[PDB]
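Presented below is the structure to which this report refers.
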Amino acid sequence: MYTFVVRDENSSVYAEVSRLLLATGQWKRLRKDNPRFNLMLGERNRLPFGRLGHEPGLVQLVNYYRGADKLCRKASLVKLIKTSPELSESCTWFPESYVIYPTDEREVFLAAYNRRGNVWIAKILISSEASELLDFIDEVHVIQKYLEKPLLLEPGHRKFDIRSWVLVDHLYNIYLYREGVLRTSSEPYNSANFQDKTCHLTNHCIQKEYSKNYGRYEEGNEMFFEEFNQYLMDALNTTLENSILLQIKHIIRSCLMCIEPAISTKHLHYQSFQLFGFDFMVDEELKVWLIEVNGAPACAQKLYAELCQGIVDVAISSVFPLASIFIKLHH
Amino acid sequence: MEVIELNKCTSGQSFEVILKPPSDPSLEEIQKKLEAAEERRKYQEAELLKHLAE
Amino acid sequence: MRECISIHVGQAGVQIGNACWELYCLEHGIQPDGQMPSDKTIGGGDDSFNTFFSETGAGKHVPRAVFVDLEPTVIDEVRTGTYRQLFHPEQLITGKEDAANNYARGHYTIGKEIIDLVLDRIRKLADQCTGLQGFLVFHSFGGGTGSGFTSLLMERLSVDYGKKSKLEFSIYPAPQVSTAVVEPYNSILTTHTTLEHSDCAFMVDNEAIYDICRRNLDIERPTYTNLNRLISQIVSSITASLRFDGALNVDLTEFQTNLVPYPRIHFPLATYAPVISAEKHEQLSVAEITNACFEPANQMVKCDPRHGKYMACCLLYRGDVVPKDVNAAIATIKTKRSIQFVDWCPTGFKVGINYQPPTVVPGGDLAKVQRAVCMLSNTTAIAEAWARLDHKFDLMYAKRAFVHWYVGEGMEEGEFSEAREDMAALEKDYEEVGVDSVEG
Amino acid sequence: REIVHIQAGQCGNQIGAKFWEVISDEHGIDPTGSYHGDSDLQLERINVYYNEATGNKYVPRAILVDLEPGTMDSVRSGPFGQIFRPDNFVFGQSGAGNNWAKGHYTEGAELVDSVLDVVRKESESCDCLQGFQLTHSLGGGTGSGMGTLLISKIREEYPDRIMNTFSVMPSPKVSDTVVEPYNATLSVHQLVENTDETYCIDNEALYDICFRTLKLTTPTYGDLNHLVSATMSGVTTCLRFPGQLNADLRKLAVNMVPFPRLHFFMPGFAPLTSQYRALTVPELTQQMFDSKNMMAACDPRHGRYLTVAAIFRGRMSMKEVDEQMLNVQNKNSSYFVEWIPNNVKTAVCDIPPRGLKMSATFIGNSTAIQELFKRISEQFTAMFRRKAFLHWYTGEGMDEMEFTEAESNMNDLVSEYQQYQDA
Ligand SMILES: Nc1nc2c(ncn2[C@@H]2O[C@H](COP(=O)(O)OP(=O)(O)OP(=O)(O)O)[C@@H](O)[C@H]2O)c(=O)[nH]1
Ligand SMILES: Nc1ncnc2c1ncn2[C@@H]1O[C@H](COP(=O)(O)OP(=O)(O)CP(=O)(O)O)[C@@H](O)[C@H]1O
Ligand SMILES: Nc1cc(C(F)(F)F)c(-c2cc(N3CCCC3)nc(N3CCOCC3)n2)cn1
Ligand SMILES: Nc1nc2c(ncn2[C@@H]2O[C@H](COP(=O)(O)OP(=O)(O)O)[C@@H](O)[C@H]2O)c(=O)[nH]1
Ligand SMILES: [Ca+2]
Ligand SMILES: [Ca+2]
Ligand SMILES: [Ca+2]
Ligand SMILES: [Ca+2]
Ligand SMILES: [Mg+2]
Ligand SMILES: [Mg+2]
Ligand SMILES: [Mg+2]
């Protein structure tokens, strides 16, 4: 039959993928170090891509793109955007950012700073004074313009971020999962003091720990597309597709097409797919900003089943067939 | 992109393209190691013949 | 004119040597009986082909070559084959029984008993050289003779010819092409012992050769003849510069000068195109074959150069190629491919063009093409093949599996771990040269 | 190059004779030693097992040994009986009475020098002796006791030559005397120390194959021996026929034996059928890994493979072979040790054995073989705890302590297999 190995016991997503594979009767889980596998669900760090694709007779597929880290590390993304001509130092959907060592951009940062609303975020410390930000780093970091004018949900005057799940298969087809999540802040937005992190950081952990009336407006501080689109209709006379999702699809395509020559496994002796988590901000003019790309993302609890099944159909069974919830981003 | 050191003959040619500038054991020692391995073989054979003699 | 002596060790070395010298004779118009009608100097000369062939009074052109094997059946094929008349009997050296896939047997036990005869026969070739450059050494990593006797011979050659260059053509083991189970052991033992004695070594992974034969030549079950005729094309394009008029890689020293900035990191990656089935074809352009040099599927070792760094890069063209086309191809590829050099090296290419197109063996599997290219690039990516080999070593050695066969031939267990620590150091050298730090 | 074949005692000589019948037919040698084949492939490596006599006759490099003349009289009258060198029959008159001590210490000791004289004469005219193969049973007296005495003396005289045995293990299901577990326990310790490879042929497995698979209601020793000679022909194909392999005995042992004492192999053969039907490659591959085709009565699913050789014979798709070998390895993924990479060798030889378009010989170095030694050990202990039948051996000068040590040695071997089965 088909064989696979599990090398990331901490992956919520691939625990479910592996759980699904076994329940087809046509996949078998081997010990972690058995080289004779079809599918490797690999470790996050130091994955031995150099040992893949040398087993005679075995087609071998791994759930990570070697080289995708360039997009999934904070400093790397900044360097990639400024130095890739298809993205360029000009690109409009990425906040002005700088790589600062405690190749270093400490001097060009202060230049643009003096040219100035002058609030930045290093990464966490949000401050309006440069001196505070640089002393924090010495205690590799990126300093990024902080979006002082976010889109605030009502009621609550509350900041949020959008997570989009993207699956890139072995043919470099780019599949955007139909379902995204808004991860919302519970405490209202306060431009006067960035000292209080709870309403400036929409991290699900930070809301669960620091915010009273967490879960007040939506369950687990998570809002899904059906509700959000309905909100944008009622409050802004627009839709999620028109005001936001067109920009999100553009940004995903630009990022992944930019690195395709460096990471594509077409004509390689092994094949890759990978699931990505893209995080976006939306400002008050309904402009969408990329914040970061996650190379090993988790999923929202109510979306695990659908998306993990989708991974099996689109990424695994397309290579190893047995005996659409995605939007295909053309390119 | 510059071509330097262009040499031509009737058999072919050669040149360089620059796109960007930048920014022993003695004979005695070997024979010792080989003789040592021989002696270790001889020792192991002698142990075998001693075992067989028993 | 400066001479080169070829040494072929073990079955893989001998059978590849046969394929090369056959091709050499075809490239130079030397018939199997050693006669070269086009050579107007009878009994002598200092032409470019005389670096590989001496001459007798009867006008016979004799390979400057010695064949060494610890059992006679492979070299017996040489003595009775098409090119039997080419070689003197003194050049073909056989023992009685082989190294049984056992490095320790090739190096210590049997090697000690035949090493002085081999050297004497090499000395006789050397005495016929007005200005010997050094040696080309062909062998497998995995065979007991190819691994164990080669490393002993390389040590003695450093003693007896201290100022001479030594280049290797080494067959790296792949289970698709009949291997012994102990070939990882033999590969590490011979690399450890030979490393300080080799100036430049061209690894050829039987996996890549096999797959090129399956995919490009459409040969379902490639034979040793299939593999070896393909290997000999790559060898021949690497050695063409020694055997023909030219200005790039004209002596063995230049290989090191051009491809090896750091001594231990002396394993360039070779990539060859085009390989076309003779049973077919549209002629590929300079741009197309140069682009093919950055396809993993045309490399002699499967690895991903996009995820390493270059230290040097030589493009060796054969056939209808003019410099202007090469620059137009390189300009294109540089804007499309991930070609990153290390910071202390010029981002550039040394280019050699030889106007004669590849010669192919009549009746072989390779079609005649109008232009071909062999790229030699010293990339850290080739360390992937060390990592794979070292991992297989580690699995077996943790249980000391098969070690008793090596200890039984007089090798100490400590030679295993010494060899493996050296390989670990080698992997660390590539890592320092080639990787930017990743953020936690 | 040359191999010297020895066959000792009743079982050893009856299986030996069939081996020479089978491989003489394969090399085109008739019963007069005259070559009448039609392919140079038959003669390319004929010298491994045959000498060339002056009259263009080929004579097996074979020494026939027994402590009574009966079986060797039967060989000489047999089908190919005239091919053997008459000088190479070495026999006494006493017999060994199914008694290892008679074979090893008393009767056998009187004859062994004469056998070594013949071995020496054969070795002396070998251009480059590979080593020795011995066929014998472990349950009798001559093959078991004299055979292991012979192996020990040969090792003393030729310490650097390979020694292989094809050894028939006794089973109470196919038994001549009750002392067989004594004789086999004494012999096994000899083999642990003094062979490089031992093909373990279990008479229980042979009987069960004849009865259950070949549908032979009343198997005979001849029916058992047809299986063994077919298997022996298959394991030696890589020595006898020009492949691309370039294998000799030392290479075989290096590649199959990762630890010096664990050199006891389960052989197998396919097809065994109760026939003109075409056997496909999937069927061949599936059969040769089926426990029911194995000739050591051990379940491989109870242990793990250290090393495996799979030798296919006949004209078949190499591509089909590899696909099936990969498939069968998936089905048995848990039964191969993961710390010997690429520990399954596939070999193909184009010459089919007589009467089959294709076939497959299996050679497994499996830790499940420990079941065979446990079986013998239990039967040994059931008698030895009451000292039953021991007088037959103490009457030949043996002491009870030598039985204690042999039993301890076998239990050690079992523990060794169990150590690697759990690695
Ligand atoms: N490409 C190629 N590989 C070969 C050839 N012959 C053997 N090999 C490979 O070489 C390795 C085996 O080593 P050999 O060269 O045959 O062995 P050897 O040097 O003669 O040493 P021993 O026979 O063990 O004494 C395996 O990895 C084979 O796949 C050949 O003609 N061409
Ligand atoms: N330029 C910017 N302007 C405004 N808010 C920002 C920002 N950069 C980051 N944030 C806020 O900080 C939070 C966490 O940012 P970021 O995603 O960089 O850290 P992180 O990687 O630890 C969380 P995750 O991995 O789940 O995306 C985001 O939810 C966002 O609200
Ligand atoms: N009777 C036989 C026959 C063979 C043979 F036919 F050669 F394959 C073998 C065997 C096993 C093996 N293994 C490697 C992985 C573990 C088993 N490697 C080899 N060879 C033959 C000579 O080339 C080297 C490998 N040979 C053993 N016993
Ligand atoms: N397979 C097989 N087993 C035999 C044959 N003859 C005897 N045996 C077995 O061998 C053992 C008896 O040993 P035997 O060779 O007859 O005694 P020996 O002459 O003293 O060596 C018992 O296990 C018998 O079942 C035979 O021809 N074939
Ligand atoms: Ca001349
Ligand atoms: Ca030197
Ligand atoms: Ca007497
Ligand atoms: Ca005597
Ligand atoms: Mg993150
Ligand atoms: Mg050999
Ligand atoms: Mg009997």
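Numbers run from 1 along the shown chain.
Placement of Cβ uses the backbone N, Cα and C atoms for every residue, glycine included.
Pulled from Swiss-Prot, these are the features on record:
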BINDING   D:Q10, D:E68, D:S137, D:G141, D:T142, D:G143, D:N203, D:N225  GTP binding site
BINDING   D:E68  Mg(2+) binding site
CROSSLNK  D:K57  ubiquitin cross-link
CROSSLNK  D:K319  ubiquitin cross-link
MOD_RES   D:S39  phosphoserine
MOD_RES   D:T54  phosphothreonine
MOD_RES   D:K57  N6-acetyllysine
MOD_RES   D:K57  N6-succinyllysine
MOD_RES   D:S171  phosphoserine
MOD_RES   D:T280  phosphothreonine
MOD_RES   D:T285  phosphothreonine
MOD_RES   D:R313  omega-N-methylarginine
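Feature map: annotations from Swiss-Prot on the structure.
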residue: D:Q10; record: GTP binding site; CB count, 10 Å: 24
residue: D:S39; record: phosphoserine; CB count, 10 Å: 10
residue: D:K57; record: ubiquitin cross-link; CB count, 10 Å: 16
residue: D:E68; record: GTP binding site; CB count, 10 Å: 19
residue: D:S137; record: GTP binding site; CB count, 10 Å: 30
residue: D:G141; record: GTP binding site; CB count, 10 Å: 29
residue: D:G143; record: GTP binding site; CB count, 10 Å: 34
residue: D:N203; record: GTP binding site; CB count, 10 Å: 25
residue: D:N225; record: GTP binding site; CB count, 10 Å: 21
residue: D:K319; record: ubiquitin cross-link; CB count, 10 Å: 12
Number of Cβ atoms other than its own within 10 Å, given for D:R313 (omega-N-methylarginine): 23
Pairwise Cα distance for D:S171 (phosphoserine)/D:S137 (GTP binding site) [Å, integer]: 11
D:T280 (phosphothreonine): tally of other CB atoms within 10 A of its CB: 14
DSSP three-state assignment for D:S137 (GTP binding site): strand
Neighbourhood of ligand 11 - recorded positions from D:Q10, D:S39, D:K57, D:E68, D:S137 with Cβ under 6 Å: D:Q10
Proximal residue to D:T280 (phosphothreonine) among binding-site residues D:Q10, D:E68, D:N203, D:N225 (C-alpha distance): D:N225
Max pairwise CA distance, angstrom, over record-listed GTP binders D:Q10, D:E68, D:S137, D:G141, D:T142, D:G143, D:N203, D:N225: 23
Three-state secondary structure, D:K57 (ubiquitin cross-link) (per DSSP): strand
Of D:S39, D:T54, D:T142, D:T285, recorded positions neighbouring ligand 4, Cβ under 6 A: D:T142
Three-state secondary structure, D:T142 (GTP binding site) (per DSSP): helix
Cβ neighbour count within 10 Å of D:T285 (phosphothreonine): 25
Which of D:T54, D:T142, D:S171, all recorded positions, has a Cβ with the fewest other Cβ atoms inside 10 Å: D:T54
Whole-number Å value for how far D:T285 (phosphothreonine) lies from D:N203 (GTP binding site) (Cα to Cα): 24
Listed recorded positions (D:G141, D:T142, D:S171, D:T285, D:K319) that sit near chain C [CB under 8 A]: D:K319
Euclidean distance between Cα atoms of D:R313 (omega-N-methylarginine) and D:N225 (GTP binding site), Å: 20
Candidate nearest D:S39 (phosphoserine) in space, where candidates are the recorded positions D:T54, D:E68, D:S137, D:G141, D:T142 and distance is Cα-Cα: D:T54
Spatial neighbour of D:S137 (GTP binding site) that is closest, considering only the recorded positions D:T54, D:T285, D:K319 and their CA atoms: D:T285
D:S39 (phosphoserine) - helix vs strand vs coil (DSSP): coil
